[PDB]
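**Student:** Have a look at the structure that comes next, please.
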Amino acid sequence: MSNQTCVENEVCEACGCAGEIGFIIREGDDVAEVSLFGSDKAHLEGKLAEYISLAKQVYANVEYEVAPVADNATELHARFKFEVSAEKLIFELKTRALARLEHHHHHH
């Protein structure tokens, strides 16, 4: 609960035996990762609906999958499948801007 941060990264993944059964979408250039966070799952689900709208807009019949998320997870793990890496940069740019609302100045 220290005021100053201090996350230990050092070694990560690899030989981590993290999981064994296949269920998530195979990683590749045609796959993109999305990380969203908020007050809780309820708010993430609402914001998630908007994220999908952009996905369909950028790519028609877009496919996506969401891994297990707890109610107090505060974070949502989702993946999207497009056709080229560019879609990830354009989709991620608009998706981040949507949540970060960096478009235009103040509302008033």
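Chain labels follow the order of the structure tokens: the first chain is A, the next B, and so on; residue numbering restarts at 1 in every chain, and ligands are counted from 1 in their shown order.
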With only C-alpha atoms as the counted atoms, please give the residues lying no more than 8 Å from region 16-28 of chain A, apart from itself and same-chain residues fewer than 5 positions off, as a VMD selection string.
**Tutor:** chain A and resid 65 67 79
**Student:** Output the selection as a PDB file, in the first residue's frame - N, CA and C atoms for each residue.
**Tutor:**
```
ATOM      1  N   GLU A  65     -12.777 -12.287 -29.141  1.00  0.00           N
ATOM      2  CA  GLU A  65     -13.013 -13.211 -27.991  1.00  0.00           C
ATOM      3  C   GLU A  65     -12.525 -12.554 -26.705  1.00  0.00           C
ATOM      4  N   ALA A  67     -11.395 -13.206 -22.645  1.00  0.00           N
ATOM      5  CA  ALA A  67     -10.987 -14.215 -21.635  1.00  0.00           C
ATOM      6  C   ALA A  67     -11.746 -13.963 -20.324  1.00  0.00           C
ATOM      7  N   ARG A  79      -9.419  -9.825 -27.435  1.00  0.00           N
ATOM      8  CA  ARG A  79      -8.562  -9.935 -28.656  1.00  0.00           C
ATOM      9  C   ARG A  79      -9.421  -9.751 -29.902  1.00  0.00           C
TER      10      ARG A  79
END
```
**Student:** Enumerate as a PyMOL selection string all residues of chain A assigned to alpha helix (DSSP H) by DSSP on the backbone, naming them with the chain letters and numbers the document uses.
**Tutor:** chain A and resi 41-58+85-100
**Student:** My list of candidates is A:13, A:88, A:82, A:96. Which is closest to residue 50 (chain A) when distances are computed with only C-alpha atoms?
**Tutor:**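 Looking only at the distances to residue 50 (chain A), the closest residue turns out to be A:96.
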**Student:** Could you give me, as a ChimeraX atom specification, the residues within 12 Å of residue 57 (chain A), counting only C-alpha atoms and dropping anything in the same chain fewer than 3 positions from it?
**Tutor:** /A:50-54,60-62,82,87,90-91,94-95
**Student:** Identify, on the basis of only C-alpha atoms, every residue whose closest approach to residue 42 (chain A) does not exceed 12 Å; exclude the query and any residue fewer than 5 positions from it along the same chain; express the result as a ChimeraX atom specification.
**Tutor:** /A:37,47-49,69-76
**Student:** Can you check which residues of region 17-56 of chain A DSSP gives as strand (DSSP E) on the backbone and send them as a PyMOL selection string?
**Tutor:** chain A and resi 31-37
**Student:** Please produce a file of the residues just selected, as an mmCIF file, in the first residue's frame, where the atoms kept are N, CA and C atoms.
**Tutor:**
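So the final result, stored in selection-v3.cif, reads:
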```cif
data_model
loop_
_atom_site.group_PDB
_atom_site.id
_atom_site.type_symbol
_atom_site.label_atom_id
_atom_site.label_comp_id
_atom_site.auth_asym_id
_atom_site.auth_seq_id
_atom_site.Cartn_x
_atom_site.Cartn_y
_atom_site.Cartn_z
ATOM 1 N N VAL A 31 -3.865 -10.957 -35.403
ATOM 2 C CA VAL A 31 -4.547 -10.900 -34.069
ATOM 3 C C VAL A 31 -4.037 -9.695 -33.281
ATOM 4 N N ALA A 32 -4.941 -8.984 -32.661
ATOM 5 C CA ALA A 32 -4.567 -7.780 -31.856
ATOM 6 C C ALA A 32 -5.082 -7.928 -30.427
ATOM 7 N N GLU A 33 -4.360 -7.372 -29.491
ATOM 8 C CA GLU A 33 -4.758 -7.454 -28.051
ATOM 9 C C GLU A 33 -5.337 -6.122 -27.595
ATOM 10 N N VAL A 34 -6.347 -6.185 -26.772
ATOM 11 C CA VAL A 34 -7.000 -4.944 -26.255
ATOM 12 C C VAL A 34 -7.026 -4.986 -24.731
ATOM 13 N N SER A 35 -6.638 -3.905 -24.114
ATOM 14 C CA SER A 35 -6.627 -3.829 -22.621
ATOM 15 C C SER A 35 -7.420 -2.610 -22.164
ATOM 16 N N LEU A 36 -8.553 -2.852 -21.558
ATOM 17 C CA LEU A 36 -9.420 -1.738 -21.059
ATOM 18 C C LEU A 36 -9.639 -1.896 -19.558
ATOM 19 N N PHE A 37 -9.749 -0.793 -18.871
ATOM 20 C CA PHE A 37 -9.959 -0.824 -17.394
ATOM 21 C C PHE A 37 -10.923 0.280 -16.974
#
```
**Student:** Enter the distance from CA of residue 64 (chain A) to CA of residue 83 (chain A), in Å, rounded to one decimal.
**Tutor:**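 About the pair CA of residue 64 (chain A) and CA of residue 83 (chain A): they are 12.8 Å apart.
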**Student:** Report, in Å with one decimal, the straight-line distance from CA of residue 101 (chain A) to CA of residue 58 (chain A).
**Tutor:**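 The value is 18.3 Å.
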